[PDB]
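Just the one chain here, laid out as structure tokens, in the form deposited in one PDB entry.
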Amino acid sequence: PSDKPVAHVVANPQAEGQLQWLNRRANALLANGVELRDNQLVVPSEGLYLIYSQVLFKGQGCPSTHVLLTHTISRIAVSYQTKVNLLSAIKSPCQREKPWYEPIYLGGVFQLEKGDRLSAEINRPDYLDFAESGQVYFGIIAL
């Protein structure tokens, strides 16, 4: 077996106007020290980690406004109070004004320390999509 800290949390299809992460679901886990505290993954030990996250946005008809969709994975060091962007993307789904779909996939390898908190956050949770399993997730893998 592997003693490697790993985590794969999935979005709750019933957290009104927010992106709430869960481990107590099928095909989602927290293992070898990784904790999910206040919607954030707590790094159990210093090392290199693969951080990833995907969100799927969907909008029934192109809204009557230019819409900005952001997805950001942040790092809050043990002492820090707020985010420090690790990976971030911003997409404009609506050029003009049929349902649109926009997935955002962030991933990279980062050096993390003992007790750092990682958060995957979006600006528009009103456009999230949970109509199918495995479309919205956040995870980490120690190398």
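Take the two forms, superpose them, and find the largest set of C-alpha atoms that agree within 1.5 Å; that set is the rigid core. Position 1 is the first residue in the sequence shown; the rest follow in order.
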> If we scan the other compared entries, does residue 96 go without coordinates in at least a third?
Replying inline: yes
> For residue 45, does the count of other compared entries lacking it reach at least a third?
Replying inline: no
>> According to the entry, how many residues of the deposited sequence fall between residue 97 and residue 98 and are not modelled? Options: none, 1 to 3, 4 to 9, 10 or more.
In response: 4 to 9
> Where do the C-alpha atoms have the higher mean temperature factor in this entry, in 59-67 or in 108-116?
Replying inline: 59-67
> 75-83 versus 48-56: which one carries the higher mean Cα B factor per the record?
Replying inline: 75-83
>> Where does the C-alpha B-factor of residue 11 rank in its chain, lowest, middle or highest third?
In response: middle
> When the modelled residues of the chain are sorted by Cα temperature factor, does residue 92 land in the lowest, middle or highest third?
Replying inline: highest
> C-alpha B factor of residue 139, ranked within the chain: lowest, middle or highest third?
Replying inline: lowest
> Is the Cα B-factor recorded for residue 122 in the lowest, middle or highest third of its chain?
Replying inline: lowest
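Here the subject shifts to the form deposited in another entry, a form of this protein not shown in this document.
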> Superposing on the rigid core, which residue among 36, 29, 50, 106 shifts its Cα by at least 2 Å between the shown form and the other one?
Replying inline: 29
> When the two forms are laid on each other by their rigid core, does residue 127 show a Cα shift of 2 Å or more between the shown form and the other one?
Replying inline: no
>> Quick one: with a 3 Å or larger change, is the residue 36 to residue 26 CA distance smaller or larger in that other deposited form? Answer closer or farther.
In response: closer
> Relative to what is shown, are the Cα atoms of residue 136 and residue 131 closer or farther apart in that other deposited form, where the gap shifts by 3 Å or more?
Replying inline: closer
